[PDB]
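Since the structure comes first, as structure tokens, the remarks are kept for the end.
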Ligand SMILES: CCN(CC)S(=O)(=O)c1ccc(OC)c(NC(=O)c2[nH]c(C)c3c2CCCCC3=O)c1
Ligand SMILES: [Ca+2]
């Protein structure tokens, strides 16, 4: 089976804005996780074809990854910070749905999620 198309990262019909919270999410939150030693399984959509995981997209119907989130921020796809935070949470939830305690990928996701929650707990004041 094929991979699904990756999540949209631009929508020509959606209004666009820059905010301090969106700057923080891209330049502080995403950057911190992107550079982390455990970022690499989360920097792009799960390629279930190259990895031969034909049940991945039978189980995961809302895929999300930091490469998509990065592009969404870079393309001003998000209007509200909460849209972006939701995507990070979907990414982690998917990992815990598909995988089991003790899996390496779960240890990696838990570490990244701890760092994510630390950085979003310092999200700047809304305008
Ligand atoms: C395709 C080649 N590369 C990718 C550019 S790769 O970086 O060489 C590479 C190599 C092996 C790999 O896994 C064994 C992964 N896997 C992953 O990225 C990955 N990410 C997640 C979130 C998951 C997985 C698969 C394990 C369980 C399902 C899951 O939850 C990558
Ligand atoms: Ca699980």
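Numbering (the entry's author numbering), first residue to last: 42 to 168.
Yeah, the Cβ is synthetic: ideal placement off N, Cα and C, and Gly gets one too.
So residue 138 and residue 101 are supposed to be a Cβ contact under 8 Å. How far apart are they, rounded? 7 Å
Does at least one heavy atom of ligand 2 sit under 7 Å from the Cβ of residue 101? no
In whole angstroms, what is the alpha-carbon distance linking residue 147 and residue 121? 28 Å
At what residues does the alpha helix (DSSP H) containing residue 145 begin and finish? 145-161
State the CB to CB distance for the pair residue 45 and residue 98, rounded to an integer number of angstroms; the pair is presumed to be in contact (CB under 8 Å). 6 Å
7 Å Cβ shell around residue 66 - same chain, five flanking residues per side excluded: 114, 122, 125
Proximity test, residue 110 beta-carbon vs ligand 1 heavy atom, cut-off 7 Å: no
Just to check, is the beta-carbon of residue 140 closer than 7 Å to a non-hydrogen atom of ligand 2? yes
Quick one: Cα of residue 151 to Cα of residue 83, how far? 12 Å
Can you give the Cα-Cα distance for residue 168 and residue 59, rounded to whole angstroms? 11 Å
At a threshold of 7 Å, does residue 64 count as lining ligand 1 (C-beta to nearest heavy atom)? no
Name the residue from 143, 127, 116 whose alpha carbon lies nearest to the alpha carbon of residue 55. 116
C-beta atoms of residue 107 and residue 132 nearer than 8 Å: yes
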